[PDB]
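As a basis for the values below, the full set of heavy atoms in this structure was taken, side chains included, without hydrogen atoms, waters or symmetry mates. Numbers here are sequence positions counted from 1. In listed order, ligands and their atoms are each counted from 1.
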Amino acid sequence: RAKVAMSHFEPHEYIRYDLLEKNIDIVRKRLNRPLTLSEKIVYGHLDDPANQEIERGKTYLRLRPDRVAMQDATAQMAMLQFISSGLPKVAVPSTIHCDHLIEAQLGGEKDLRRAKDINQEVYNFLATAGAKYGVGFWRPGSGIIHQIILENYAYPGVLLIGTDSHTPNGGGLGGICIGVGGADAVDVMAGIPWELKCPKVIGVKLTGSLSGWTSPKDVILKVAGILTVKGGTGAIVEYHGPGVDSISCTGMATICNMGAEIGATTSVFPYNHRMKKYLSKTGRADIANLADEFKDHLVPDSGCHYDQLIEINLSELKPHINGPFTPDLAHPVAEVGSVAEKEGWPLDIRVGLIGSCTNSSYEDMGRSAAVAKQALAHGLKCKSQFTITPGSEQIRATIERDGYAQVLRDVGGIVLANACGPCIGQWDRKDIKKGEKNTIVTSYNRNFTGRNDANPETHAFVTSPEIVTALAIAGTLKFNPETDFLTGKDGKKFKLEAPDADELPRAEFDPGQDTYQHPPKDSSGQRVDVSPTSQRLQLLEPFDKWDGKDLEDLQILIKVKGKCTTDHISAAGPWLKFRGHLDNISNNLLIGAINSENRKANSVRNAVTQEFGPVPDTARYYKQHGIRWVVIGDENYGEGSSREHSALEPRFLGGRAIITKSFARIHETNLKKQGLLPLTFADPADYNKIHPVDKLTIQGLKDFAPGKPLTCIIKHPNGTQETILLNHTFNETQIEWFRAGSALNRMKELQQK
Ligand SMILES: O=C([O-])/C=C(\CC(=O)[O-])C(=O)[O-]
Ligand code: SF4
């Protein structure tokens, strides 16, 4: 067919739209109905299109992704599991991005130099493991994973998996890009079929066009408020309608990115002329030309069925700001000043932060510079502190060149390194004390308790970068940029003009400094060294195989009340230092979860000593004494980040099962991957029948089967017992992971030894 390479770094890896077409056509002959766009790309990547059972929301699809991307806070454990498999080389194009371990303190170059000294052991491990197993390496300073992917790797029709829940960002260039845990990435790098529960499809029809202060970010802030954080679970969100051509390609990536906050499997836009334009401006005109020839397979079929349809008229959409502790609490910017006042949320904004993968594009930076130049023209600078994170080295070099970085410095901003930084709590924040109630506003995406600065009382609101800039200049939530007046230096009141800026550079992008390191695919004689006394890295010891017995008289480690995110189960911020060291990071296990017994975080009753203490310590005490334990959770357990450490840590400290009213998708898969039993109540009211003092027996593991519930005997201390049923979503592939002790143990059994 055409021999068009998948990226500039892999000249020999060709795009296979011929394969996609062939597979779409086998499947539509079977289904005889219109296919949505997500169905075309997902069913087009089936391992066996002729025999795969395809029912939305019910069957597990065996898929073949085109490539794997990893960022350095999850790559360490994905590669330590890959190193246990014993396989010599990755089977598909794979990259590591070093973006999560650079702490914001001094700004830009200074923080990057310091991170390279501090994290030398880890950057060394990842570069060497990358060279040995054939994984491309983007050096510290290169940029945030998802901006590097949109710029270099995402193309229409790709199926890409990434070990980061915001990998959906690539849906802005028409690909299916899905967040997974490190063990799922190992399947694909190992060459075995990846499984995904067949998604439902929510369609969002966009009408009208964006005007003025409304930006692409307001579309997904509104959609999150509508669907809530659990409304997208098990579905792909597919944007369509006449309003789509109104949105820039990075704008589409912003909307797909934050669909992670409603729990969606991913989000996608149809191939169109804005994407074509972006591909051509990023050196990939040949890929846009090939996608023009396969265009029919890159847009939805006429008359396809969505399981839910939502319509948003872009012309009536107004600026939004969401939070403070969930991203689906949505307020128009016009009313947040008055809701804050009523709810006792701090009105004064201490810090305004723009960037992150969600909103660090050239257009985002130009729109923020457009607000800032107006303030400068009246002799004002920011009242709040103001930070700017460029998404990649190319964007930093180009906004520097086109003058936007200097405008942002002149209003009072500090340009941080091209890294997550304050977004995952890598921020040496010193302006407030811990426990001090305060407000920050960001153009990020999640705003969960203590995530940006480890202070549980920081109230963080997420909005668009131009609204963060406008509010940073005013310094208060009681300021609506559309209606209110500022007072210049000269004494005149003035109003901010709605920002307008170019979506892409008129000239070409300036690539900035060299940061990609290609694997030697010759040599590969790298020894990966992990010192046995390292505090940051530790080789894995395999978990135990199942003993063949039912789980009786399980102790409840903690019955959690309410929202329990993976930042509650395994915090980030300072704990990122231990992401390659399982025993050391297990000391944060569940320290953020609220215990229903006393309403406290990190205080559970040790059943033997009758002392209340830290959750990690209690779990290690139970494990020392052979007491097997369980966690009882509420709705949407495991919401958020994909970090598989929230599943590896309970397995390591002797946990056996997590029984909840419902699970978020990626955490439930990670639990099964590590040999734990994620189970849900067949009747969610049974959560109220279990008290922290009860012992539980899970029976029926011997005839464990897809679709058959397990019986749980609740043993009350007074001698009463109650039997309840627990459902599970295991298929026979997954039951084999459980019986072997973990998916990696099963994979190693299949290696004939
Ligand atoms: O490295 C991580 O902890 C996983 C992240 C970053 C985050 O929480 O934003 C994710 O999957 O989203
Ligand atoms: S959401 Fe924040 S922490 Fe996660 S990849 Fe994006 S910039 Fe990094």
When you measure from [atom] to every protein heavy atom, which one gives the shortest distance, and what is it?
| atom | answer |
| --- | --- |
| atom 2 (C) of ligand 1 | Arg579 NH2, 3.1 Å |
| atom 2 (Fe) of ligand 2 | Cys423 SG, 2.3 Å |
| atom 12 (O) of ligand 1 | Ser165 OG, 2.7 Å |
| atom 6 (Fe) of ligand 2 | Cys357 SG, 2.3 Å |
| atom 4 (C) of ligand 1 | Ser641 OG, 2.9 Å |
| atom 1 (S) of ligand 2 | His166 ND1, 3.0 Å |

What do you reckon, are the aromatic ring centroids of [X] and [Y] less than 6.0 Å apart?
| X | Y | result |
| --- | --- | --- |
| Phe448 | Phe325 | no |
| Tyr516 | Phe9 | yes |
| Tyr404 | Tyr362 | yes |

CD-CD1 distance between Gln76 and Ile585, expressed to the nearest 0.5 angstrom | 9.0 Å
Answer with yes or no whether the side chains of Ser392 and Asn418 bring together a donor and an acceptor at under 3.5 Å.
-> no
Inspect the contact between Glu261 and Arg446 and indicate whether a charged nitrogen and a carboxylate oxygen are less than 4.0 angstrom apart.
-> yes
Salt-bridged, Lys577 to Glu121, with N to O below 4.0 Å?
-> no
Just by distance, do the side chain of [X] and the backbone of [Y] share a donor-acceptor pair under 3.5 Å?
| X | Y | answer |
| --- | --- | --- |
| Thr128 | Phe125 | no |
| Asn152 | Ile149 | no |
| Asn670 | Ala647 | no |

Tell me whether [X] has any N or O atom under 3.5 angstrom from an N or O of ligand 1.
| X | value |
| --- | --- |
| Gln71 | yes |
| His166 | no |
| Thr163 | no |
| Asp567 | no |

Is it the side chain (CB and beyond), the backbone, both or neither of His100 that lies under 4.0 Å from ligand 2, heavy atoms counted?
-> side chain
What part of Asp164, side chain, backbone, both or neither, has a heavy atom within less than 4.0 angstrom of ligand 2?
-> side chain
Chi angles and distances behind the side-chain hydrogen bond (donor to acceptor under 3.5 Å, both in side chains) call for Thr729, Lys672 = CA-CA 10 Å; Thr729 62; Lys672 295 174 182 173; 2.7 Å; yes
Hey, looking at [atom], which of [options] has the closest heavy atom?
| atom | options | result |
| --- | --- | --- |
| atom 8 (Fe) of ligand 2 | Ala260, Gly425, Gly355, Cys420 | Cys420 |
| atom 3 (S) of ligand 2 | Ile424, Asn445, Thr442 | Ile424 |
| atom 11 (O) of ligand 1 | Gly182, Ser642, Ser570, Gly181 | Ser642 |

Which atoms from ligand 1 have a heavy atom of [X] less than 4.0 Å away?
| X | answer |
| --- | --- |
| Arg446 | 7 (C), 8 (O), 9 (O), 12 (O) |
| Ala73 | 1 (O) |
| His100 | 1 (O), 6 (C) |

Taking the inter-plane angle between the rings of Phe578 and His581 on a 0 to 90° scale, is it parallel (under 30°), tilted (30 to 60°) or perpendicular (over 60°)?
-> perpendicular
Contact between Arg451 and ligand 1, counting heavy atoms under 4.0 Å?
-> yes
